[PDB]
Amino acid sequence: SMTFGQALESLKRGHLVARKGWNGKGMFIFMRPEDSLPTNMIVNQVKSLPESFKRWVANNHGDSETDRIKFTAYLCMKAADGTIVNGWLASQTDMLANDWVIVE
């Protein structure tokens, strides 16, 4: 069994982790990596951003081929139902628990 801090260090190394308290169900959390993207690609290609954000980027960067915007790493959950919940957050219980385990 691990603390949440050990779970986090495992997540940073690319592993899948879970809490025993979740009682299996095929649930686990994982980390999606950071990347820095060109603003022109943000404006002209990226599907998964709302138009208001893309318009803001376009207004402040124009046609720049060199400007970039950093998208941070973040945690996600593969839920029991199979869906990926982007932006998983840790409850007080999760943060203080010592029942974390490695899934992969």
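Throughout, rigid core stands for the largest set of C-alpha atoms superposing within 1.5 Å between the two forms. One-based numbering along the sequence shown.
The segment moving more, judged by mean Cα distance from this form in 5 other deposited structures of this protein after a core overlay, is 17 to 25 among 17 to 25 and 82 to 90.
Stretches 18 to 26 and 92 to 100 differ in mean CA B factor, with 18 to 26 having the higher one.
Remark: stretch with higher mean C-alpha B factor among 62 to 70 and 75 to 83 is 62 to 70. Placement of the Cα temperature factor of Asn44 within the chain: highest third of the modelled residues, per the deposited record. Sorting the modelled residues of the chain by their CA temperature factor places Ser1 in the highest third.
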